[PDB]
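Because only heavy atoms are used, hydrogens play no part in the values below, and waters and symmetry mates are left out as well, while side chains stay in. Positions are given from 1 along the sequence.
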Amino acid sequence: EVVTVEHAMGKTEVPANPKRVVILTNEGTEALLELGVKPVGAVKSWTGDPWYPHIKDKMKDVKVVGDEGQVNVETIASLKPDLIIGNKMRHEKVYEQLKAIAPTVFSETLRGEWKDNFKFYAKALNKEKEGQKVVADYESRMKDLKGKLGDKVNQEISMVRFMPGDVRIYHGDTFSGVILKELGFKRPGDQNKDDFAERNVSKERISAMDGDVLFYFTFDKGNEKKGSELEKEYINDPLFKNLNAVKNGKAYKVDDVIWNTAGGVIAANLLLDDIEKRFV
């Protein structure tokens, strides 16, 4: 009937064979799908209507239970789940409300932890063996790519994000950070740090964006397109145009969804594919 799972908010008995699972992160949604569990409810994709294209078909008739930052507890209760999976960084405040509905287990954070989070979700679902195969398959595809890249990994890759009111330079404890590191890519300067990002990068700090290759991506909250507005301002600034990466023709806009925001094992595989497309 049950198994005990240690997690970010304690120790909880969960079904040995969960039948009606609700999943409260985008990255966790991908874990479930790859582990052969279709959730009865899930938070909408950050920039989907409601689902990212890469999971849309797999999410047919899944009930939207809010978004990752603001979950709808009433909708979750209505689904009568036997297991709820969330994340302490996103959902700590609603943990007790979720626990009142069904056994609830939390991962700790997002940042660069996608692979450990995936393994945790596999444990929570009692699908460790299945999870080992998914991880092994990803690592094999990763090894395939390392071979195809050869010494192209010796390039310093710079990661820049435009968001509403905030230009960021992404560092090591991030989705792109840990995957670039696993592949063996170098990073320039502070992008080697094991923190999340340099935040609120000014036009004066544009020099900190340089590298051998510069990948930038943009997040827009809504129809205001405030992220894209900031991108336009920065990439047309003379300081940006004088970056070595830009003068070399090696500054590229990449997809926010697969390079950062989806954040799960399906996206990780799509990121490998995109890197192969761009470098090989």
I'd like to know whether NZ of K250 has more than 12 heavy-atom contacts from other residues, nucleotides or ligands below 6.0 angstrom.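 Incorrect, the count does not exceed 12.
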Would the number of heavy atoms belonging to other residues, nucleotides or ligands and lying under 6.0 Å from NZ of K253 be above 12?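 Result for NZ/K253: enclosed.
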So do the side chains of [X] and [Y] get within less than 4.5 Å of each other, counting heavy atoms only?
X: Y52; Y: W46; result: yes
X: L33; Y: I266; result: yes
X: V22; Y: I85; result: no
X: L110; Y: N87; result: yes
X: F120; Y: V5; result: yes
X: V40; Y: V62; result: no
X: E198; Y: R168; result: no

Considering residues at least two apart in sequence or located in another chain, which fulfil the salt bridge (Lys or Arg N to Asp or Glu O under 4.0 Å) criterion with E30?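 Partners of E30 by the salt bridge (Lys or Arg N to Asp or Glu O under 4.0 Å) criterion come out as none, since no residue qualifies.
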Could you pull out all residues at least two apart from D274 that satisfy side-chain hydrogen bond (donor to acceptor under 3.5 Å, both in side chains)?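 Applying side-chain hydrogen bond (donor to acceptor under 3.5 Å, both in side chains) to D274 gives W259, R278.
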Look up atom CZ in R90 and atom CG in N26, then write down how far apart they are to the nearest 0.5 Å.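 Between atom CZ of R90 and atom CG of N26 there are 9.0 Å.
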Side chain to side chain contact (heavy atoms under 4.5 Å, CB included) partner of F185, chosen from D212, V213, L180: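 It is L180; the other options fail the test.
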Angle between ring planes, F106 versus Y95, binned at 30° and 60°: parallel, tilted or perpendicular?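 Perpendicular, since the angle between the ring planes exceeds 60°.
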Classify the ring geometry between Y252 and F215 as parallel (under 30°), tilted (30 to 60°) or perpendicular (over 60°).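 Ring orientation of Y252 relative to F215: tilted.
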Check whether any side-chain N or O of [X] sits under 3.5 Å from a backbone N or O of [Y] as a donor-acceptor pair, and report yes or no.
X: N260; Y: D256; result: no
X: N72; Y: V65; result: no
X: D210; Y: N244; result: yes
X: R187; Y: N192; result: no
X: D82; Y: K19; result: yes
X: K44; Y: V64; result: no
X: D173; Y: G112; result: yes
X: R20; Y: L79; result: yes
X: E68; Y: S45; result: no
X: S78; Y: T75; result: yes

Does a side-chain N-to-carboxylate-O contact under 4.0 Å join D137 and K133?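 Salt bridge present between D137 and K133.
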What I want to find out is whether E182 reaches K115 closely enough, with some N-O distance under 4.0 Å, to be called a salt bridge.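 Yes, charged N to carboxylate O under 4.0 Å.
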What's the shortest heavy-atom distance between [X] and [Y], and which atoms?
X: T47; Y: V257; answer: OG1-CG2, 3.5 Å
X: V21; Y: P18; answer: CG2-CB, 3.7 Å
X: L183; Y: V153; answer: O-CG1, 3.5 Å

Set of side chain to side chain contact (heavy atoms under 4.5 Å, CB included) partners for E108, sequence neighbours left out: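 Once residues adjacent in sequence are excluded, the partners of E108 under the side chain to side chain contact (heavy atoms under 4.5 Å, CB included) criterion are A8, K88.
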Would you check if the distance from the ring center of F118 to the ring center of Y138 is below 6.0 Å?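 When the ring centroids of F118 and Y138 are compared, they turn out to be at least 6.0 Å apart.
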Near-ring test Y170/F196, centroid separation under 6.0 angstrom: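 Between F196 and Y170, the centre distance is under 6.0 Å.
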Side chains of [Y] and [X]: any donor to acceptor distance under 3.5 Å?
X: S158; Y: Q191; answer: yes
X: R161; Y: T261; answer: yes
X: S228; Y: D220; answer: yes

Quick one, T25 with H91, criterion side-chain contact (heavy atoms from CB on, under 4.5 Å). Give me CA distance, side-chain angles, the key distance, then yes/no. CA-CA 10 Å; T25 65; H91 309 126; 3.9 Å; yes
